[PDB]
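Given next are two forms of a protein chain, the same chain in both, each as structure tokens and marked structure 1 or structure 2.
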Structure 1
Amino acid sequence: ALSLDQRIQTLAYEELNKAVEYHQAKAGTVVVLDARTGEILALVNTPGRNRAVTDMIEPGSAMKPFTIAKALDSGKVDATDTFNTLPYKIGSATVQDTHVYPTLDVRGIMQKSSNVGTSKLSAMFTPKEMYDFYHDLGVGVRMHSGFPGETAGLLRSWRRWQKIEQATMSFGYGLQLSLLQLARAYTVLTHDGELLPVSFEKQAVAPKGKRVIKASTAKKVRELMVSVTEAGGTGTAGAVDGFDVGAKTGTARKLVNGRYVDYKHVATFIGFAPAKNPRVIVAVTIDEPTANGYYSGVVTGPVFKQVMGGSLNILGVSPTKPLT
């Protein structure tokens, strides 16, 4: 049997189509994973190929939690450490944030999705250390999910990097992966530090995880990511009533379209809930929205919110707090 839940699949389908129509977008995808098994509970695309597995993107902000995780896991920094987050130069290139803050602590770097903060955390590590981390999350590696046309994505050898490349990678540009690979990497956060395999078949035996970070680190990162969906965070559009939700949102970039070169902005939202004890990961992309908003959060947040909320309802998970 398939691992897909027809009620979640149906919900995902309706919410994706509603968003694609409303924002007059070119394409879209939703993935829902079981947060502790890696089983696919839903996977839907707009008509055509299976973009979730075939198409790679530069993920943007959705990649940021991983640099934070690596930093915390090393013991080198703590969530309360403060960084200078003013824009700065690497040769002629500038690293800067959407909204400028002079300083942020690591919690703030997550909450505000700071490119500068994330890049400075990454810069505590060597190119080899960061490459090895990204490789261990599955970037540039085949999932062997059983789908045909599955992309490995793109992770350039660190032996060829520039300083600017290590920086841009920390905030999700300069490496590429599919939405399914991204959802899979989030199992490191939800399955207490262990990367799970992805499958669309009903599991017969418990999957073996591969440890990437400590369980304690994964728990801390989940706590920090709740700040993104709360007041002051960049991801409040994906907040789910009655639950704490860890998430990221950002504009991703699509540089390849099937077998052809392309250049498109892609709105993205990805997260998990309930944050303390996650049951599901929901990932959404919408390619080239042209109406009623271009900001990532307004485009994909409402679909994430409905799919996450509905999935928890369908799986029988009780709200952890009273509804508003």
Structure 2
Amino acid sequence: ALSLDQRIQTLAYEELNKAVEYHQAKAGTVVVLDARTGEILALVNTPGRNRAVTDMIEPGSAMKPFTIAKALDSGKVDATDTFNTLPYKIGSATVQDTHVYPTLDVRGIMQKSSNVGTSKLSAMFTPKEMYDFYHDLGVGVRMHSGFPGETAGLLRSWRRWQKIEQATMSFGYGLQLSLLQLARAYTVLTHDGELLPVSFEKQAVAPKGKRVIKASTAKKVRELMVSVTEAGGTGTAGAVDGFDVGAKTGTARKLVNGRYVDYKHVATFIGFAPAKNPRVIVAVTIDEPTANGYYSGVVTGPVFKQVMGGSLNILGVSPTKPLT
């Protein structure tokens, strides 16, 4: 028997399709996991192959919570620490944000989704320490989910990284994974710092996870990620009435075998709830929206919202706070 939950699978299907239509997008995917077991409660694609497991993307901004996770886990950075977030140079290259903040603390980097900040956090570690970390989240590794065509994604060896590549990788370019690997990766945040295996089958035994960061770190990062959906953050479109939601937006220019083209984007929105004691991850990706803008927030936010809200209703999770 499958872990799939028909009500949720139906909900995801309806909501994905409304969005991919509304935004005149080329393709789309939604994945819902059990946050505490890695079971796939829903997995849905626009008609065609199972993109959620066969296709690989650059995570972009959705990678940022891990870089922060790693920094805090190390003991070398505390959430309250301030960083100069102005544009800067890695030799011949320039790291910069869309909107420029002189300084941010770690919560601001998460909230405002700053490349500069994220790359400074990364810059505090070796090529090897960051590759080992990405590797332990499952980037470049086979999940063994049993789906046909399962990509392992792409993690180039640290042994051949320029300094610019360490940076661009810390904020999600240069490495690749499936939306399902990405959702799986978030089990580190939701399952108290342990990476769960994913499954399309009901587990008789509750599955064990491999430890990657401490529980207290996961706990703190979840707290920080709530900033994304509160006023001031990139991801307010994904707030759900009656709950705190940890989420991360991602808006990426499209890598088309080699070159970045800048009038083409991929919108991804991923998060969990209840933020303090999470039950589900929802990951949404929409490929190349043409109509009504391209920001994660506008495109994938509403679908995240509906699916998360509907998912916690269906599983019978009680609101943690009164409905507005």
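Residue numbering: sequential along structure 1, first residue numbered 1. Here, rigid core means the biggest group of C-alpha atoms that superpose within 1.5 Å across both forms.
Enquirer: State which of the options 213, 198, 182, 252 undergoes a Cα shift of 2 Å or more between structure 1 and structure 2, taking the core as fixed.
Expert: The only residue crossing the 2 Å threshold is 252.
Enquirer: Quick one: once the rigid core is lined up, does residue 26 have its C-alpha move by 2 Å or more between structure 1 and structure 2?
Expert: No.
Enquirer: Align on the rigid core first; then say whether the Cα of residue 264 has moved by at least 2 Å between structure 1 and structure 2.
Expert: Yes; that C-alpha moves by at least 2 Å between structure 1 and structure 2.
Enquirer: Quick one: how many Å does the C-alpha of residue 288 shift between structure 1 and structure 2 once the rigid core is superposed?
Expert: Taking the core as reference, the C-alpha of residue 288 is shifted 0.3 Å.
Enquirer: When the rigid core is overlaid, by how much has the CA of residue 92 moved between structure 1 and structure 2, in Å to one decimal?
Expert: Core-aligned C-alpha shift comes out at 2.1 Å.
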